[PDB]
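*Asks:* For reference, this is input-v9.txt, and it has compact mmCIF, C-alpha atoms and all ligand atoms.
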```
# COMPACT_ATOMS: atom_id res chain seq x y z
CA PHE A 18 -186.53 -7.50 133.16
CA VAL A 19 -187.25 -8.35 129.53
CA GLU A 20 -184.60 -6.17 127.88
CA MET A 21 -181.86 -7.68 130.06
CA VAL A 22 -182.65 -11.15 128.70
CA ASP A 23 -179.95 -12.38 126.29
CA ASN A 24 -177.61 -9.47 127.15
CA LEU A 25 -174.61 -11.84 127.38
CA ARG A 26 -172.48 -12.96 124.43
CA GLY A 27 -169.13 -14.66 124.04
CA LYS A 28 -167.16 -17.49 122.49
CA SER A 29 -166.54 -20.98 123.85
CA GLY A 30 -163.84 -20.84 126.52
CA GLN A 31 -163.43 -17.05 126.19
CA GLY A 32 -165.89 -16.06 128.93
CA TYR A 33 -169.19 -14.18 128.86
CA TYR A 34 -169.27 -10.43 128.26
CA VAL A 35 -171.89 -7.70 128.58
CA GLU A 36 -172.11 -4.36 126.81
CA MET A 37 -171.24 -1.31 128.93
CA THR A 38 -170.61 2.40 128.43
CA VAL A 39 -168.01 4.59 130.15
CA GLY A 40 -167.43 8.33 130.12
CA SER A 41 -169.38 11.26 128.70
CA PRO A 42 -170.25 10.97 125.85
CA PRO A 43 -170.70 7.20 126.32
CA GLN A 44 -168.00 4.88 124.97
CA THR A 45 -169.26 1.36 124.26
CA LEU A 46 -167.19 -1.62 125.44
CA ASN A 47 -167.74 -5.36 125.79
CA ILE A 48 -166.89 -6.36 129.36
CA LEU A 49 -166.38 -9.86 130.78
CA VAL A 50 -168.76 -10.82 133.59
CA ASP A 51 -166.55 -12.24 136.36
CA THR A 52 -167.85 -13.22 139.81
CA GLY A 53 -164.33 -14.31 140.80
CA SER A 54 -162.72 -10.84 140.87
CA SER A 55 -163.68 -7.38 142.09
CA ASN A 56 -161.97 -4.85 139.79
CA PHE A 57 -163.64 -3.02 136.93
CA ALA A 58 -160.67 -2.89 134.54
CA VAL A 59 -160.80 -1.87 130.88
CA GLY A 60 -158.22 -1.63 128.12
CA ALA A 61 -157.20 2.00 127.62
CA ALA A 62 -154.42 1.68 125.02
CA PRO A 63 -154.34 0.38 121.42
CA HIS A 64 -153.35 -3.19 122.20
CA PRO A 65 -153.37 -5.03 118.84
CA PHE A 66 -155.90 -7.61 120.10
CA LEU A 67 -158.47 -4.99 121.16
CA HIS A 68 -161.43 -3.96 119.02
CA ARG A 69 -161.61 -0.70 121.01
CA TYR A 70 -160.45 0.82 124.27
CA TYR A 71 -161.23 3.42 126.92
CA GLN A 72 -160.16 6.85 125.65
CA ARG A 73 -160.04 8.97 128.81
CA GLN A 74 -159.20 12.12 126.84
CA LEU A 75 -162.71 12.08 125.32
CA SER A 76 -164.63 11.97 128.63
CA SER A 77 -165.58 15.22 130.37
CA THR A 78 -166.71 13.22 133.42
CA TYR A 79 -163.39 11.39 133.86
CA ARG A 80 -161.58 11.98 137.15
CA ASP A 81 -158.01 10.85 137.83
CA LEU A 82 -157.36 9.09 141.12
CA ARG A 83 -153.60 9.54 140.49
CA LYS A 84 -152.70 6.04 141.63
CA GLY A 85 -151.64 2.90 139.78
CA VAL A 86 -152.60 -0.71 140.40
CA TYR A 87 -150.59 -3.84 139.62
CA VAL A 88 -152.37 -7.18 139.25
CA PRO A 89 -150.11 -10.19 138.61
CA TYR A 90 -151.33 -13.73 138.02
CA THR A 91 -149.68 -17.01 137.01
CA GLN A 92 -146.96 -15.64 134.66
CA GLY A 93 -149.42 -13.00 133.42
CA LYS A 94 -150.35 -9.53 134.59
CA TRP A 95 -152.30 -6.39 133.97
CA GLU A 96 -151.61 -2.97 135.43
CA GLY A 97 -153.31 0.35 135.06
CA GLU A 98 -154.20 3.80 136.31
CA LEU A 99 -157.10 4.26 138.72
CA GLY A 100 -159.89 6.75 138.10
CA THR A 101 -163.63 7.23 138.25
CA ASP A 102 -166.20 7.99 135.57
CA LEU A 103 -169.86 7.53 134.66
CA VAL A 104 -170.81 3.95 133.79
CA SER A 105 -174.00 2.47 132.32
CA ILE A 106 -175.20 -0.92 131.13
CA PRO A 107 -177.31 -0.38 127.98
CA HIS A 108 -179.21 -3.68 128.37
CA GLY A 109 -179.36 -3.29 132.14
CA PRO A 110 -181.09 -0.96 134.59
CA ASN A 111 -181.73 2.58 133.38
CA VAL A 112 -179.20 4.25 135.68
CA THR A 113 -175.79 5.91 135.48
CA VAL A 114 -173.25 5.34 138.25
CA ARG A 115 -169.89 6.94 139.01
CA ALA A 116 -167.61 3.94 139.52
CA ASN A 117 -163.92 3.20 139.88
CA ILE A 118 -162.28 2.29 136.57
CA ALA A 119 -158.78 0.81 136.21
CA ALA A 120 -157.50 2.08 132.86
CA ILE A 121 -155.31 -0.82 131.72
CA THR A 122 -152.02 0.55 130.38
CA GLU A 123 -149.86 -2.61 130.35
CA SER A 124 -150.72 -6.30 130.33
CA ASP A 125 -149.40 -9.77 129.55
CA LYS A 126 -151.46 -12.87 128.69
CA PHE A 127 -154.59 -11.04 129.83
CA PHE A 128 -156.40 -10.08 126.62
CA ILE A 129 -157.31 -12.96 124.29
CA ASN A 130 -156.29 -12.86 120.63
CA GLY A 131 -159.47 -13.11 118.58
CA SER A 132 -161.89 -12.33 121.42
CA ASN A 133 -164.53 -9.59 121.34
CA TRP A 134 -164.15 -8.10 124.85
CA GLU A 135 -162.02 -5.19 126.03
CA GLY A 136 -162.40 -5.22 129.82
CA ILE A 137 -163.56 -7.17 132.85
CA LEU A 138 -166.32 -6.51 135.41
CA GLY A 139 -165.34 -7.85 138.82
CA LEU A 140 -168.58 -8.62 140.66
CA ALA A 141 -167.07 -10.04 143.87
CA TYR A 142 -166.51 -8.08 147.08
CA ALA A 143 -164.03 -5.37 148.03
CA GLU A 144 -161.81 -7.65 150.13
CA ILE A 145 -160.20 -9.17 147.02
CA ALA A 146 -160.10 -5.91 145.05
CA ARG A 147 -156.72 -4.49 144.12
CA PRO A 148 -154.75 -2.76 145.45
CA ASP A 149 -156.86 -2.99 148.62
CA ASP A 150 -160.46 -3.20 149.85
CA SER A 151 -160.91 0.59 149.79
CA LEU A 152 -161.41 0.53 145.99
CA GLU A 153 -165.20 0.20 145.93
CA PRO A 154 -166.27 -2.47 143.40
CA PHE A 155 -168.72 -1.58 140.66
CA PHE A 156 -171.79 -3.36 142.03
CA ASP A 157 -171.30 -1.75 145.45
CA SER A 158 -171.27 1.67 143.74
CA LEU A 159 -174.36 0.73 141.71
CA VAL A 160 -176.30 -0.25 144.84
CA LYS A 161 -175.23 2.77 146.89
CA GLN A 162 -175.97 5.36 144.20
CA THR A 163 -179.27 3.98 142.83
CA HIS A 164 -182.29 2.02 144.05
CA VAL A 165 -181.26 -1.14 142.18
CA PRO A 166 -181.72 -4.05 144.63
CA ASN A 167 -178.58 -5.66 146.03
CA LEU A 168 -178.59 -8.82 143.94
CA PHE A 169 -177.99 -10.09 140.43
CA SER A 170 -178.57 -13.39 138.66
CA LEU A 171 -176.79 -15.20 135.83
CA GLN A 172 -178.07 -17.69 133.27
CA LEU A 173 -175.10 -18.88 131.21
CA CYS A 174 -176.14 -20.87 128.12
CA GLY A 175 -173.05 -22.57 126.72
CA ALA A 187 -169.32 -20.99 118.19
CA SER A 188 -171.11 -18.19 120.02
CA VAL A 189 -172.33 -18.55 123.59
CA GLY A 190 -175.30 -16.71 125.06
CA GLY A 191 -176.75 -15.84 128.41
CA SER A 192 -178.53 -13.33 130.61
CA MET A 193 -177.37 -11.11 133.46
CA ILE A 194 -180.36 -9.78 135.40
CA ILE A 195 -179.15 -6.77 137.39
CA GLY A 196 -181.17 -6.16 140.53
CA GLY A 197 -183.75 -8.90 140.15
CA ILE A 198 -184.83 -12.37 139.10
CA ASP A 199 -186.50 -13.45 135.85
CA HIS A 200 -188.51 -16.56 136.74
CA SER A 201 -188.89 -17.44 133.05
CA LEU A 202 -185.19 -18.38 133.04
CA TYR A 203 -185.54 -21.40 135.35
CA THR A 204 -187.81 -24.35 136.11
CA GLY A 205 -188.74 -25.69 139.50
CA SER A 206 -187.68 -23.89 142.67
CA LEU A 207 -184.59 -21.95 143.66
CA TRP A 208 -182.48 -23.50 146.42
CA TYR A 209 -180.16 -21.23 148.40
CA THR A 210 -176.72 -21.84 149.87
CA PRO A 211 -175.19 -19.31 152.28
CA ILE A 212 -172.35 -17.03 151.27
CA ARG A 213 -169.85 -18.09 153.94
CA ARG A 214 -167.84 -14.86 153.66
CA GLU A 215 -168.08 -11.78 151.43
CA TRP A 216 -164.84 -11.73 149.47
CA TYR A 217 -165.20 -14.32 146.77
CA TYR A 218 -168.66 -15.83 146.44
CA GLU A 219 -167.65 -18.55 148.88
CA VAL A 220 -169.91 -21.54 149.56
CA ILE A 221 -169.56 -24.88 151.35
CA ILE A 222 -169.84 -28.24 149.59
CA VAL A 223 -170.93 -30.88 152.10
CA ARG A 224 -171.09 -34.03 149.94
CA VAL A 225 -170.15 -35.19 146.43
CA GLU A 226 -171.67 -38.08 144.46
CA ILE A 227 -170.59 -39.65 141.17
CA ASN A 228 -173.53 -41.34 139.40
CA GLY A 229 -175.27 -41.46 142.79
CA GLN A 230 -172.31 -42.94 144.70
CA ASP A 231 -170.77 -40.90 147.51
CA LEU A 232 -167.01 -40.36 147.58
CA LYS A 233 -166.99 -40.85 151.39
CA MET A 234 -164.33 -38.19 151.95
CA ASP A 235 -164.14 -35.80 154.87
CA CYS A 236 -166.15 -32.88 153.53
CA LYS A 237 -163.37 -30.47 154.56
CA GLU A 238 -161.41 -31.76 151.56
CA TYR A 239 -164.18 -30.60 149.19
CA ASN A 240 -163.54 -27.07 150.50
CA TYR A 241 -159.83 -27.30 151.30
CA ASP A 242 -158.89 -23.63 151.48
CA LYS A 243 -162.20 -22.62 149.88
CA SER A 244 -165.01 -23.24 147.38
CA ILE A 245 -166.28 -20.40 145.19
CA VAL A 246 -168.80 -19.68 142.43
CA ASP A 247 -166.92 -18.13 139.51
CA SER A 248 -168.38 -17.18 136.14
CA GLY A 249 -164.83 -16.28 135.07
CA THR A 250 -163.50 -19.83 135.30
CA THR A 251 -164.33 -22.32 132.56
CA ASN A 252 -163.89 -25.62 134.40
CA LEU A 253 -164.94 -27.40 137.55
CA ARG A 254 -161.79 -27.08 139.63
CA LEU A 255 -161.51 -29.47 142.57
CA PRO A 256 -158.70 -29.80 145.14
CA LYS A 257 -156.06 -32.31 144.07
CA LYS A 258 -157.01 -34.93 146.66
CA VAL A 259 -160.70 -34.46 145.84
CA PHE A 260 -159.89 -34.34 142.12
CA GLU A 261 -157.79 -37.50 142.43
CA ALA A 262 -160.65 -39.25 144.22
CA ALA A 263 -163.20 -37.72 141.83
CA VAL A 264 -161.48 -38.88 138.64
CA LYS A 265 -160.87 -42.30 140.19
CA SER A 266 -164.65 -42.66 140.51
CA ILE A 267 -165.45 -41.13 137.10
CA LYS A 268 -162.79 -43.45 135.67
CA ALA A 269 -164.51 -46.43 137.29
CA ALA A 270 -168.01 -45.90 135.87
CA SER A 271 -166.39 -45.16 132.48
CA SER A 272 -164.95 -48.62 131.78
CA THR A 273 -166.89 -49.21 128.54
CA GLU A 274 -164.26 -46.99 126.88
CA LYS A 275 -160.63 -46.36 127.90
CA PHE A 276 -158.71 -43.15 127.17
CA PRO A 277 -155.12 -42.32 128.17
CA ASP A 278 -154.26 -41.02 131.60
CA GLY A 279 -153.28 -37.58 130.28
CA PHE A 280 -156.76 -36.85 128.91
CA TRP A 281 -157.98 -36.73 132.52
CA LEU A 282 -155.43 -34.02 133.39
CA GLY A 283 -156.53 -31.87 130.43
CA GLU A 284 -154.25 -33.01 127.62
CA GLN A 285 -156.40 -34.38 124.75
CA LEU A 286 -159.70 -34.34 122.83
CA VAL A 287 -161.53 -36.99 120.79
CA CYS A 288 -164.55 -36.95 118.46
CA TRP A 289 -167.15 -39.54 117.52
CA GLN A 290 -169.49 -37.30 115.45
CA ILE A 298 -172.88 -43.25 129.30
CA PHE A 299 -170.82 -40.89 131.43
CA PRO A 300 -171.69 -40.47 135.13
CA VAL A 301 -173.52 -37.45 136.49
CA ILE A 302 -171.78 -35.27 139.08
CA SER A 303 -173.73 -34.27 142.19
CA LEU A 304 -172.66 -31.49 144.55
CA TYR A 305 -174.45 -31.19 147.88
CA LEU A 306 -174.38 -27.59 149.09
CA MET A 307 -174.99 -26.29 152.60
CA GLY A 308 -178.63 -25.26 152.90
CA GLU A 309 -180.31 -22.37 154.69
CA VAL A 310 -181.37 -24.47 157.70
CA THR A 311 -179.31 -26.37 160.28
CA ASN A 312 -178.64 -29.95 159.12
CA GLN A 313 -180.44 -29.27 155.80
CA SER A 314 -178.72 -29.36 152.41
CA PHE A 315 -179.61 -29.59 148.73
CA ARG A 316 -177.87 -31.10 145.72
CA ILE A 317 -177.18 -29.87 142.20
CA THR A 318 -176.45 -32.41 139.47
CA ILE A 319 -174.79 -31.79 136.11
CA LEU A 320 -174.73 -33.96 132.99
CA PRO A 321 -171.83 -34.96 130.72
CA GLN A 322 -173.02 -32.15 128.43
CA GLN A 323 -171.55 -29.72 131.01
CA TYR A 324 -168.07 -30.96 131.97
CA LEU A 325 -167.19 -32.26 128.49
CA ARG A 326 -166.82 -28.99 126.60
CA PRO A 327 -166.68 -29.04 122.77
CA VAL A 328 -163.42 -27.52 121.56
CA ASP A 337 -168.81 -33.38 117.48
CA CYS A 338 -165.60 -33.31 119.55
CA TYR A 339 -165.08 -32.58 123.28
CA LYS A 340 -162.52 -31.93 126.01
CA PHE A 341 -162.71 -32.91 129.71
CA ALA A 342 -163.62 -29.81 131.72
CA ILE A 343 -162.73 -31.01 135.24
CA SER A 344 -159.26 -30.23 136.59
CA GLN A 345 -157.38 -29.96 139.86
CA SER A 346 -156.64 -26.79 141.80
CA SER A 347 -154.49 -25.35 144.57
CA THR A 348 -156.80 -22.52 145.71
CA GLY A 349 -159.78 -24.79 146.46
CA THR A 350 -162.94 -25.72 144.61
CA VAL A 351 -164.02 -23.45 141.74
CA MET A 352 -167.58 -23.81 140.44
CA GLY A 353 -167.10 -22.40 136.95
CA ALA A 354 -169.06 -22.46 133.72
CA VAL A 355 -169.39 -26.26 133.84
CA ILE A 356 -171.61 -25.83 136.90
CA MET A 357 -173.21 -22.48 136.10
CA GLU A 358 -174.22 -23.40 132.55
CA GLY A 359 -176.61 -26.02 133.92
CA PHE A 360 -178.29 -23.72 136.41
CA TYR A 361 -179.87 -20.32 136.86
CA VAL A 362 -177.73 -18.78 139.61
CA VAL A 363 -178.94 -15.96 141.88
CA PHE A 364 -176.28 -13.91 143.68
CA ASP A 365 -178.52 -12.73 146.53
CA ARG A 366 -176.06 -10.27 148.06
CA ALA A 367 -178.74 -8.66 150.23
CA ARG A 368 -179.37 -11.94 152.11
CA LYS A 369 -175.82 -13.36 151.79
CA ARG A 370 -176.88 -16.44 149.84
CA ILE A 371 -176.65 -17.97 146.37
CA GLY A 372 -179.67 -19.56 144.69
CA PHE A 373 -179.55 -22.45 142.25
CA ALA A 374 -182.35 -23.60 139.97
CA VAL A 375 -182.51 -25.74 136.85
CA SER A 376 -181.75 -23.47 133.91
CA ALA A 377 -184.33 -23.22 131.14
CA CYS A 378 -181.49 -23.16 128.58
CA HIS A 379 -179.06 -25.87 129.73
CA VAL A 380 -178.05 -28.55 127.22
CA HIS A 381 -179.54 -31.94 128.08
CA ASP A 382 -180.39 -35.17 126.28
CA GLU A 383 -183.72 -36.98 126.76
CA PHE A 384 -182.46 -39.61 129.23
CA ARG A 385 -180.95 -37.33 131.90
CA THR A 386 -181.53 -33.77 133.07
CA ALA A 387 -179.78 -31.22 135.24
CA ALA A 388 -181.51 -31.06 138.61
CA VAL A 389 -181.69 -29.12 141.87
CA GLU A 390 -183.13 -31.24 144.67
CA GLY A 391 -183.89 -30.92 148.35
CA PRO A 392 -184.15 -31.01 151.19
CA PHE A 393 -181.60 -33.56 152.39
CA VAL A 394 -180.31 -34.31 155.88
CA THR A 395 -176.60 -33.64 156.39
CA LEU A 396 -174.94 -33.39 159.80
CA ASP A 397 -171.91 -31.28 160.75
CA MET A 398 -172.05 -29.09 157.65
CA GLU A 399 -170.14 -26.29 159.39
CA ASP A 400 -167.24 -28.67 160.00
CA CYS A 401 -166.90 -28.84 156.19
CA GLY A 402 -165.39 -25.34 156.01
CA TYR A 403 -161.65 -24.71 156.29
CA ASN A 404 -160.12 -22.40 158.88
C1 LIG B 501 -155.14 -14.47 134.04
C2 LIG B 501 -154.88 -13.01 134.43
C3 LIG B 501 -153.74 -12.46 133.88
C4 LIG B 501 -153.40 -11.14 134.10
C5 LIG B 501 -154.25 -10.36 134.85
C6 LIG B 501 -155.43 -10.89 135.35
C7 LIG B 501 -155.83 -12.19 135.06
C8 LIG B 501 -156.98 -12.56 135.77
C9 LIG B 501 -158.04 -11.65 135.71
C10 LIG B 501 -159.27 -11.94 136.30
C11 LIG B 501 -159.48 -13.18 136.88
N1 LIG B 501 -160.65 -13.46 137.45
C12 LIG B 501 -160.88 -14.65 138.03
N2 LIG B 501 -162.07 -14.88 138.57
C13 LIG B 501 -159.90 -15.63 138.06
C14 LIG B 501 -160.10 -17.00 138.71
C15 LIG B 501 -160.36 -16.88 140.23
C16 LIG B 501 -159.24 -16.25 141.10
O1 LIG B 501 -158.20 -16.87 141.29
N3 LIG B 501 -159.48 -15.05 141.64
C17 LIG B 501 -158.45 -14.40 142.49
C18 LIG B 501 -158.33 -12.86 142.49
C19 LIG B 501 -157.93 -12.20 141.16
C20 LIG B 501 -158.95 -12.48 140.07
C21 LIG B 501 -156.57 -12.76 140.75
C22 LIG B 501 -157.82 -10.69 141.36
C23 LIG B 501 -158.67 -15.35 137.48
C24 LIG B 501 -158.46 -14.11 136.89
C25 LIG B 501 -157.26 -13.83 136.26
```
Would you mind writing the structure in this file as structure tokens?
Ligand SMILES: Cc1ccccc1-c1ccc2nc(N)c(CCC(=O)NCCC(C)(C)C)cc2c1
*Replies:*
Amino acid sequence: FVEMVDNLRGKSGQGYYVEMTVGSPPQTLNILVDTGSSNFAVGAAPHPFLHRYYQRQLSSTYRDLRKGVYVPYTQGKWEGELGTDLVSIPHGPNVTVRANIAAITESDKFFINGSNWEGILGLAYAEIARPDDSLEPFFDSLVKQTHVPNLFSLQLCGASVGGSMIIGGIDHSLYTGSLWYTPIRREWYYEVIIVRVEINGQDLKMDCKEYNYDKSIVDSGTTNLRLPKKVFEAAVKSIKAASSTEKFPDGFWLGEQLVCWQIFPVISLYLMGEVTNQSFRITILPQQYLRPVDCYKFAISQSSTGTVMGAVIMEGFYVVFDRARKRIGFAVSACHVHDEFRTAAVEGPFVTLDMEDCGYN
């Protein structure tokens, strides 16, 4: 999978995108890689922020589904017109798939001014696709129509960002040590179960249900580590404690301020393993959750929809979305940023009882 190496670009905080083609003849677009959504949606109108857009009138293979779709978010939205067309990934597998495409015709606070992408590739499952789960997501269409294996893996290496999306396989050059797998609890988001959290080696001693209150997901579309409020409150209280050599205001912890200088504690997440009463832990450095924006912001925030393992987690690990076996693999990434005193790590096995009780119902 050599030519798929380094097929991801982007800017800090603006997500990772991959090059794709749509229609016949092929129209090239940069498309965000997003494991937290399930729609393949592309700009189709000359929005002033867009470098380019889907021009359906130029594609002989375009087919109109004659149905709109409306996707609101927190004060933002995009909406579009559903259709199908031929889709390829130039630095991916050598195949061409007919996939659903949502031609974005109206949006608000969706496209980013100054960014270099024009659409979004939802890699999650049909259940959270809009308008309903009958709109087959792209990767499902890819797997059904070709012999590409039902998995993909992501190495996000956080000016410009870089990374690799390996469609249908695993490139063992992109990680060190062994892969450790956590089960996909349910196929809608990429939902997983955190069973224990440690700050600098010290457990938070919270009922593990809180770590997954509502849910916990793996999301390449989210920048930060998003923890439930009560877990976030307890998490920052511990990170605050080990960080007494230097005192910042309270608002900096809620995402309100940056400071440069031109000692922090490591965060450990224990994930449910593949075997009863067996878990493993992934540990990230300060180089992950303190994102430069030599200045840096604090990239851990609270959430209402559960835990979100975003780029702060994924940029330290090679992550394997093993859809065929309903599991997610983690391994130390060969590109993660680390000093010479501490390293990102994936360790196991550990003994953890009542891991199923950690999931919310
Ligand atoms: C921010 C926003 C504004 C207008 C339209 C869409 C978006 C949007 C697009 C894709 C997203 N993809 C994501 N993975 C996320 C974060 C995770 C999340 O809440 N997913 C829920 C489902 C859905 C992504 C809203 C469809 C938020 C997103 C927000």
*Asks:* Using all atoms listed in the file, tabulate the residues of chain A lying at most 7 Å from any atom of ligand LIG 501 (chain B), each with its closest atom pair and that distance in Å to one decimal, by chain and increasing residue number, as CSV.
*Replies:*
```
residue,atom,partner,partner_atom,distance
A:51,CA,B:LIG501,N2,5.7
A:52,CA,B:LIG501,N2,6.1
A:53,CA,B:LIG501,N2,3.2
A:54,CA,B:LIG501,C20,4.2
A:55,CA,B:LIG501,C22,6.8
A:88,CA,B:LIG501,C5,5.7
A:89,CA,B:LIG501,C5,5.6
A:90,CA,B:LIG501,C3,5.0
A:91,CA,B:LIG501,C1,6.7
A:93,CA,B:LIG501,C3,4.4
A:94,CA,B:LIG501,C4,3.5
A:95,CA,B:LIG501,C5,4.5
A:124,CA,B:LIG501,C4,6.7
A:125,CA,B:LIG501,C4,6.2
A:126,CA,B:LIG501,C3,5.7
A:127,CA,B:LIG501,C3,4.4
A:145,CA,B:LIG501,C18,6.1
A:146,CA,B:LIG501,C22,6.5
A:147,CA,B:LIG501,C22,6.9
A:247,CA,B:LIG501,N2,5.9
A:249,CA,B:LIG501,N2,4.7
A:250,CA,B:LIG501,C14,5.6
```
*Asks:* Of the candidates A:362, A:152, A:375, A:138, which one gets nearest to residue 168 of chain A if we count only C-alpha atoms?
*Replies:*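 Closest to residue 168 of chain A, using only C-alpha atoms: A:362.
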*Asks:* Distance atom CA of residue 189 of chain A-atom CA of residue 276 of chain A, one decimal place?
*Replies:* 28.3 Å
*Asks:* Residues of segment 315-366 of chain A within 12 Å of segment 215-236 of chain A: nearest atom pair and distance (Å, one decimal) for each, counting only C-alpha atoms, sorted by chain and number, as a tab-separated table?
*Replies:*
```
residue	atom	partner	partner_atom	distance
A:315	CA	A:223	CA	9.4
A:316	CA	A:224	CA	8.5
A:317	CA	A:225	CA	9.8
A:318	CA	A:226	CA	8.9
A:319	CA	A:228	CA	10.2
A:320	CA	A:228	CA	9.8
A:321	CA	A:228	CA	10.9
A:348	CA	A:217	CA	11.8
A:349	CA	A:219	CA	10.3
A:350	CA	A:222	CA	8.9
A:351	CA	A:219	CA	9.4
A:352	CA	A:220	CA	9.7
A:353	CA	A:218	CA	11.6
A:362	CA	A:218	CA	11.7
A:363	CA	A:218	CA	11.2
A:364	CA	A:218	CA	8.3
A:365	CA	A:218	CA	10.3
A:366	CA	A:215	CA	8.8
```
*Asks:* To one decimal in Å, tell me the separation between atom CA of residue 357 of chain A and atom CA of residue 300 of chain A.
*Replies:*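 A separation of 18.1 Å between them.
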*Asks:* So, with only C-alpha atoms as the atoms that count, which of A:187, A:86, A:207, A:21 lies closest to residue 111 of chain A?
*Replies:*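 Residue with the minimum atom-to-atom distance to residue 111 of chain A: A:21.
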*Asks:* Could you give me, as a list in words, the residues that have an atom at most 7 Å away from the point (-175.9, -17.1, 154.3) in the coordinates of the file, using all atoms listed in the file?
*Replies:*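 Using all atoms listed in the file, the matching residues come out as residues 210, 211, 212, 213, 309, 368, 369 and 370 of chain A.
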*Asks:* Just how far from atom CA of residue 130 of chain A is atom CA of residue 69 of chain A, in Å to one decimal?
*Replies:* 13.3 Å
*Asks:* Report as lines of an AutoDock Vina configuration file the centre and the edge lengths, in Å to one decimal, of the axis-aligned box holding every listed atom of segment 139-157 of chain A, padded by 4 Å on each side.
*Replies:*
```
center_x = -163.3
center_y = -4.7
center_z = 144.5
size_x = 25.0
size_y = 18.6
size_z = 19.3
```
*Asks:* For residue 136 of chain A, which of A:36, A:149, A:98, A:397 is the closest residue, counting only C-alpha atoms?
*Replies:*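 Among the listed residues, the smallest separation from residue 136 of chain A belongs to A:36.
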*Asks:* Which protein, DNA or RNA residues are at most 6 Å from (-170.0, -30.2, 135.1) in the file's coordinates when you count only C-alpha atoms, listed as a list in words?
*Replies:*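 The answer, in the requested form, is residues 319, 323, 324, 355 and 356 of chain A.
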*Asks:* Which is closer to residue 209 of chain A than all the others in A:376, A:56, A:313, A:271, using all atoms listed in the file?
*Replies:*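 Of A:376, A:56, A:313, A:271, the one nearest residue 209 of chain A, counting all atoms listed in the file, is A:313.
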*Asks:* Within 9 Å of residue 258 of chain A, counting all atoms listed in the file, which residues show up once you throw out same-chain ones fewer than 6 positions away? Write them as a count of residues only, please.
*Replies:* 3
*Asks:* Considering all atoms listed in the file, state which residue in the set A:199, A:135, A:399, A:337 is at the smallest distance from residue 312 of chain A.
*Replies:*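 Answer, going by the shortest atom-to-atom distance: A:399.
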*Asks:* Could you list, as a VMD selection string, every residue within 8 Å of residue 203 of chain A, counting all atoms listed in the file and ignoring same-chain residues fewer than 3 positions away?
*Replies:* chain A and resid 200 360 to 361 374 to 377
